[PDB]
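Enquirer: The data below comprise the sequence and an experimental structure of the protein.
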Amino acid sequence: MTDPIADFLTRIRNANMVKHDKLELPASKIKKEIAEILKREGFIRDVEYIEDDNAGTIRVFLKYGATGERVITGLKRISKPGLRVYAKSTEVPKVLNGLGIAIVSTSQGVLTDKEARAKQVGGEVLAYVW
Amino acid sequence: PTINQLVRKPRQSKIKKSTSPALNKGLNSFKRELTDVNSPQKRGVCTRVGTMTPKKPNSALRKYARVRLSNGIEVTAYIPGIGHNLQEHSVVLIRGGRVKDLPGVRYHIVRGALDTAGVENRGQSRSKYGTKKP
Amino acid sequence: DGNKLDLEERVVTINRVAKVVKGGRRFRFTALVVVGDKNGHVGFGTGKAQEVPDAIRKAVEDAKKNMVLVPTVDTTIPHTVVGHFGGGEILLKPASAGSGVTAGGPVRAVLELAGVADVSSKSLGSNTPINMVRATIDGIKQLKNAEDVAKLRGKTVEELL
RNA sequence: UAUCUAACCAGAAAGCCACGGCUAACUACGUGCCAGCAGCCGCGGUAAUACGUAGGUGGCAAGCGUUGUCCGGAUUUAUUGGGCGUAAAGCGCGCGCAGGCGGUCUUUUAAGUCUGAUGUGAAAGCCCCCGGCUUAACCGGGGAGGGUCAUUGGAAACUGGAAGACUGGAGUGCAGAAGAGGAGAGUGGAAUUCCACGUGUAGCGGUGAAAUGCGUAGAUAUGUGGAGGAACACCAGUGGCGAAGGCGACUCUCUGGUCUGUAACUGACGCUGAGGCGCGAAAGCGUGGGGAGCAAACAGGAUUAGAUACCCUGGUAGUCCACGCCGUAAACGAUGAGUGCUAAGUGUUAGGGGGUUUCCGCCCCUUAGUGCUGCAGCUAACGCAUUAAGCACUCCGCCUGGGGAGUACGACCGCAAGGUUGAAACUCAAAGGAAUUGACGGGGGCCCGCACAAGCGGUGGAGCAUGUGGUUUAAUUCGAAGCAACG
RNA sequence: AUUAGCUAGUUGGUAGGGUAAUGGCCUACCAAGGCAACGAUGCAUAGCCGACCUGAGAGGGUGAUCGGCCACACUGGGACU
Ligand SMILES: [K+]
Ligand SMILES: [K+]
Ligand SMILES: [K+]
Ligand SMILES: [Mg+2]
Ligand SMILES: [Mg+2]
Ligand SMILES: [Mg+2]
Ligand SMILES: [Mg+2]
Ligand SMILES: [Mg+2]
Ligand SMILES: [Mg+2]
Ligand SMILES: [Mg+2]
Ligand SMILES: [Mg+2]
Ligand SMILES: [Mg+2]
């Protein structure tokens, strides 16, 4: 197993593929953070959290433009268990010169690259989003 | 590979071979032990001189000399150009270069450096084959 | 789109290519040709004929029908991208103004005839120009404008900025 | 000495490489696979832009070229940045120490991370800005950069440490189900051979033909009875089980693992797994039995040009057992173990749940397997496709052009045969995979032609005419040479 | 790693002497540790750096000249000043 967040990003990719409308996955705090962040950024039609016997579950409603266009082209993980990536406020690079976005988990909470710049922090590059 | 694999053993590149191994070895009589030194050219003494039948596709006879270099390595050197001065116990200077026609030759004789007297009658590319200007 | 413009075609490779029979070889020529207008549009075509110009013109005729657009943002592509068709692996990075386009012939031709003035590139995969060009167009299909992405997300260009 | 003034003189001051492509720049002669050229591909066998020379051209220029070495191009050691079905590449498979990696939540820290301050990282050199040498090179001035740098002070999001709690992972319990899973002991009848006895008369066997061989000292066959061993038809099926090798007649004993359902119990106890340990087809080795068939080797007979072979007749090792070694395989799904996610259709196996119905029977849903066909997606393609070769993460093993070479030295193991680990020198410019078009095929299929077959009449034999060959000739003009030269 | 064990003043301690000065630096006595798959031990190689060449950069190679540090003056050892 060894990766909740990667499972999350890959399920979102695999639902981008088939153009499913929703995708339900077991939840955790970090998953909810990243769902929040994608909702802030404009990748998710809506997200809602659900209670269950075990651990709580999360459901993402996916966002497509007109003509069934995708808004997520690609997700990716960077900091991984076998190798993590820790970057500074100066070493976080602008995804696609600022078209896409990245996630950097820092002391000020979980953030994007741009928010982490605004706060002049750094930390784990958890993911890119084309 | 995994990163843990790459840490347990880093990468290892390829072991490069030289076109010219014998130019890349010196000698000292004292130690009687070869000493790696990159060299462009070496001088030697022709043990043997002769002709060769080259590979398919070709059939012309190719002039070679079996030389004992300064460093003791015995080497077959092509004798480029029309005619030559050389014979047994003739001193010769040697540069690198591979005769693709001929199997066992990897080096050339610089023409005009030592007892290798320049080519006869040549007018073009004279700096090669070692004729003065007339 | 279509065959409705004045354009600036360029021939990339012309490969003589051989079908073989009891009576030996029946040579033919293939022509891969890139059409564009430097105000922004480009497309590639292929053609086959026993003759150089016949292949060239068939290629032009396929090109004018199989075209696409590329964004030309500030003399550059808007962002970095990669194309991956077959054994084609070709990345495109923007560059500084006045640097000029930087690429091999079969990709250089694509970007020039689109009219993109300042881009870096590198052939990573195979060297076969057909697959190279399929890689280029697979890439510049992925390219996106800031306004388009904002329209998708619900943002503003000054907010992505 | 620089520097500066005058006077005199175009007068004394240009050479090297290449010109087939790669790559800028073509003609003539001479040569004739010779002489010679060549960084790769490659030129030269009587019409050479590829050799030598002359002219002309191209590139450079007081230097040009060759050689040697370093980086790049080379993503060809891929952290950035590769891969292992078929191309090189998944240990044959497991048990597992170490290590790597690790489900959800709260508190605590600050080992890692991030962050403000101070200090330093010399000058020269790279970089930027100015100035000076007739500019340039060069030189000066100033600034900047550069550290997994250190101390000190802050944050707790993530990793890590700590103290708790929970259950979808993992496991135990509980109720069921299948099974050629393994070891031991015993047991059954077909059926090959052999022994005896009747009946019984001249063949049997085998081949493309035969022959060697067995047989009147009596077979071949036929029946009865007995001995001996080896394997187990039907069932039996892209069906079951097993980590793999592999496991098929039956019964008993001793044992392993799997799946289904429950949510009872523990509460991350887990995944991988270098180095070790064991298992591990068939062949083979040691000791002692057994040995019916089959059968390497071998003998004889055929075949053949020859046949140290296919083929026939015989036949030793072996094959079988006990014990112990050997530890290889086209050991293959040529596809590492684990987890999750991403359309379908349909068989088949072992289960469970529910609707209907008298059970039966049909239907649908679901779990673990096993197979067929296929969407996305991947792939060089062939093709893989919820049993991925897809999308992602952890871990291990392995590859880096062909050959030499799985060789040599060395070490370990082995009674030995040999195995495991594993190079270089040298050589090549390719090696190779998939697929396309043909051609071919002592591959298939369909159709045709005096192609055969069915027939008629001929040639080859004799004599002559003609042509050709060889030869002999002063010359025996030249040309034609399988069909397609030879009145 | 086609080199896995190494060490025996070797590791620590109590006393003592010694150096410009701490310390097994050395001596005596006591205990038997210590290092090491985070590669010790051993073999071959090499002066180290600023920096130089290359490269998109990561990195690759080098350690001429210039500056800093180290080491050595035919080889070995030893002291005096
Ligand atoms: K035996
Ligand atoms: K098998
Ligand atoms: K000591
Ligand atoms: Mg000629
Ligand atoms: Mg292979
Ligand atoms: Mg400095
Ligand atoms: Mg056996
Ligand atoms: Mg007939
Ligand atoms: Mg006749
Ligand atoms: Mg005649
Ligand atoms: Mg030295
Ligand atoms: Mg590079």
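Expert: Everything's here; your move. Numbering: from 1, shown residues only, chains lettered A, B, ... in the order given. Ligands and ions are numbered 1, 2, ... in the order given.
Enquirer: Just the CA coordinates for the helix or strand residue C:34 falls within, please, in CSV.
Expert: Taking DSSP states H and E as the criterion, residue C:34 maps to strand C:24-37. In CSV, the C-alpha atoms belonging to strand C:24-37 read as follows (Å, rounded to 0.1, in the frame of the first residue of the first chain):
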residue,chain,number,x,y,z
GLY,C,24,12.3,-6.7,-59.1
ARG,C,25,11.8,-3.4,-57.5
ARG,C,26,9.1,-0.8,-58.1
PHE,C,27,10.5,2.3,-56.5
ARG,C,28,8.3,5.0,-55.3
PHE,C,29,8.9,8.3,-53.4
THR,C,30,7.3,9.5,-50.2
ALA,C,31,7.1,13.1,-49.2
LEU,C,32,6.4,14.6,-45.8
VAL,C,33,5.7,18.3,-46.0
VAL,C,34,4.8,20.9,-43.4
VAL,C,35,2.5,23.7,-44.3
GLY,C,36,1.8,26.9,-42.3
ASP,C,37,1.2,30.5,-42.0
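Enquirer: Quick one: neighbours of residue B:83, just the number.
Expert: 12 (other Cβ atoms under 10 Å in any protein chain shown). Placement of C-beta: from N, CA and C, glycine included.
Enquirer: Which element, helix or strand, includes it?
Expert: Per DSSP H and E: nothing holds residue B:83, as it lies in no helix or strand.
Enquirer: Sheet partners, orientation included, of the strand holding residue C:34?
Expert: strand C:10-21 (antiparallel), strand C:41-49 (antiparallel) (DSSP bridges).
Enquirer: Output the ones you listed in TSV, with distance to residue A:39 appended to each entry.
Expert: Shown next, in TSV, are the strands paired with strand C:24-37 (distance: least, Cβ to Cβ, whole Å):
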stretch	distance to residue A:39
strand C:10-21	46
strand C:41-49	37
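Enquirer: can you redo those strands as a markdown table with mean neighbour count and distance to residue B:27?
Expert: Below are those laid out as a markdown table (neighbours: other Cβ atoms under 10 Å in any protein chain shown; distance: least, Cβ to Cβ, whole Å):
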| stretch | mean neighbour count | distance to residue B:27 |
| --- | --- | --- |
| strand C:10-21 | 12 | 54 |
| strand C:41-49 | 21 | 62 |
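Enquirer: wait, which of those is closest to residue C:104?
Expert: strand C:10-21 (10.2 Å; Cβ to Cβ).
Enquirer: Need the CA coordinates for the closest one. CSV is fine.
Expert: Output of strand C:10-21 as CSV, limited to C-alpha atoms (Å, rounded to 0.1, in the frame of the first residue of the first chain):
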residue,chain,number,x,y,z
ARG,C,10,8.4,23.3,-46.7
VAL,C,11,9.6,19.8,-47.6
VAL,C,12,11.1,17.9,-44.7
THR,C,13,12.2,14.5,-46.0
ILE,C,14,11.8,12.9,-49.4
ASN,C,15,12.3,9.1,-49.0
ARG,C,16,12.6,6.9,-52.0
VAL,C,17,10.9,3.7,-51.0
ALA,C,18,10.6,0.3,-52.7
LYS,C,19,8.0,-2.2,-53.3
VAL,C,20,9.3,-5.5,-54.7
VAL,C,21,7.9,-7.9,-57.3
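Enquirer: Give me the contacts around that strand.
Expert: C:25-34, C:44, C:48, C:52, C:55-56, C:59, C:105-106, C:109, C:112-113, C:129, C:133 (Cβ atoms under 8 Å, 6 or more residues apart in numbering or on different chains).
Enquirer: please redo it, this time with the cut-off set to 10 Å
Expert: Residues from elsewhere that reach strand C:10-21, judged by Cβ atoms under 10 Å, 6 or more residues apart in numbering or on different chains: C:24-36, C:44, C:48, C:50, C:52, C:55-56, C:59-60, C:105-110, C:112-113, C:128-130, C:132-133.
Enquirer: What backbone torsions are found at residue B:123?
Expert: According to degrees, to the nearest 10, the main-chain angles of residue B:123 amount to phi -120, psi -30.
Enquirer: picking that back up, give me the buried subset of the contacts of strand C:10-21.
Expert: C:28-36, C:44, C:55-56, C:59-60, C:106-110, C:112-113, C:129-130, C:132-133 (16 or more other Cβ atoms under 10 Å in any protein chain shown).
Enquirer: residues in chain C within reach of RNA strand D, list them.
Expert: Residues of chain C lying close to RNA strand D by Cβ under 7 Å from any atom of the strand are C:19-22, C:84, C:86-87, C:124.
Enquirer: So which residues of chain C form helices?
Expert: Applying DSSP state H to chain C gives helices spanning C:52-63, C:105-114, C:129-142, C:146-153, C:157-160.
Enquirer: longest helix of chain A?
Expert: Using DSSP H, we find that the single longest helix of chain A is helix A:4-18.
Enquirer: What residues sit buried inside that one?
Expert: Quick answer for helix A:4-18 (16+ other Cβ under 10 Å): A:5-6, A:8-9, A:11-12, A:15-16.
Enquirer: quick one: it near RNA strand D?
Expert: Yes - interface with RNA strand D: helix A:4-18 contributes A:4, A:6-7, A:9-11, A:13-15, A:17-18 (Cβ under 7 Å from any atom of the strand).
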